[PDB]
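Below: one structure, written as structure tokens.
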Amino acid sequence: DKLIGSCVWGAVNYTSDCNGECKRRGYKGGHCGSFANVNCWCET
């Protein structure tokens with residue numbers, strides 16, 4: 001898995017489409033996965 005952005009919803013790096021972005025990086029899937037949604041992890 002790999003980090004491609006945050007998940008705080010306010011910082012200058014939130015990924016609304018974590019997977020869309022992940023795919024855009026050649027990955028296969030990604031989404032939030034922490035406490036109170038703070039980081040977006042990919043499944044590289």
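Identifiers in the structure tokens: chain A, B, ... in order shown; residue index from 1 per chain; ligand index from 1 in order shown.
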When you look at stretch 24-26 of chain A with a cut-off of 10 Å (counting only C-alpha atoms), what residues show up, excluding the ones that are within fewer than 6 positions of it in the same chain? I need them as number ranges by chain.
A: 4, 18, 42, 44
Between atom CA of residue A:30 and atom CA of residue A:13, measure the distance and give it in Å to one decimal.
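Computed distance, atom CA of residue A:30 to atom CA of residue A:13, equals 14.4 Å.
Across stretch 2-33 of chain A, DSSP run on the backbone finds strand (DSSP E) at residues 2, 3, 4, 5, 6, 30, 31 and 32 of chain A.
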Take the residues just selected and output them with N, CA, C and O atoms as an mmCIF file, in the first residue's frame.
```cif
data_model
loop_
_atom_site.group_PDB
_atom_site.id
_atom_site.type_symbol
_atom_site.label_atom_id
_atom_site.label_comp_id
_atom_site.auth_asym_id
_atom_site.auth_seq_id
_atom_site.Cartn_x
_atom_site.Cartn_y
_atom_site.Cartn_z
ATOM 1 N N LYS A 2 0.361 2.376 -0.417
ATOM 2 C CA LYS A 2 1.200 3.623 -0.435
ATOM 3 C C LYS A 2 0.339 4.876 -0.216
ATOM 4 O O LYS A 2 -0.788 4.943 -0.658
ATOM 5 N N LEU A 3 0.885 5.857 0.447
ATOM 6 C CA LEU A 3 0.125 7.119 0.727
ATOM 7 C C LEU A 3 0.162 8.063 -0.478
ATOM 8 O O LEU A 3 1.225 8.352 -0.997
ATOM 9 N N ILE A 4 -0.989 8.519 -0.891
ATOM 10 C CA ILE A 4 -1.026 9.457 -2.066
ATOM 11 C C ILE A 4 -1.693 10.793 -1.683
ATOM 12 O O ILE A 4 -1.874 11.650 -2.525
ATOM 13 N N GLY A 5 -2.032 10.952 -0.429
ATOM 14 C CA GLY A 5 -2.686 12.227 0.023
ATOM 15 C C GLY A 5 -3.213 12.074 1.451
ATOM 16 O O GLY A 5 -3.058 11.034 2.070
ATOM 17 N N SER A 6 -3.845 13.103 1.941
ATOM 18 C CA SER A 6 -4.390 13.073 3.340
ATOM 19 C C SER A 6 -5.891 12.761 3.303
ATOM 20 O O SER A 6 -6.434 12.428 2.268
ATOM 21 N N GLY A 30 -7.282 2.892 -3.713
ATOM 22 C CA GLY A 30 -6.812 3.655 -2.520
ATOM 23 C C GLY A 30 -8.007 4.323 -1.859
ATOM 24 O O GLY A 30 -9.003 4.607 -2.499
ATOM 25 N N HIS A 31 -7.894 4.578 -0.587
ATOM 26 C CA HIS A 31 -9.025 5.221 0.176
ATOM 27 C C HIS A 31 -8.558 5.644 1.568
ATOM 28 O O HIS A 31 -7.452 5.344 1.970
ATOM 29 N N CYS A 32 -9.414 6.322 2.284
ATOM 30 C CA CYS A 32 -9.034 6.759 3.661
ATOM 31 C C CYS A 32 -8.804 5.491 4.510
ATOM 32 O O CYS A 32 -9.151 4.400 4.096
#
```
Expected answer as a ChimeraX atom specification: alpha helix (DSSP H) residues in chain A:
/A:18-24
Using only C-alpha atoms for the distances, tell me which of A:38, A:27, A:21, A:33 is nearest to residue A:9.
A:38
Could you jot down the atom CA of residue A:8 to atom CA of residue A:41 separation for me, Å, one decimal place?
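Between these atoms lies a distance of 12.8 Å.
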How many Å lie between atom CA of residue A:22 and atom CA of residue A:35, rounded to one decimal?
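For atom CA of residue A:22 relative to atom CA of residue A:35, the distance reads 20.4 Å.
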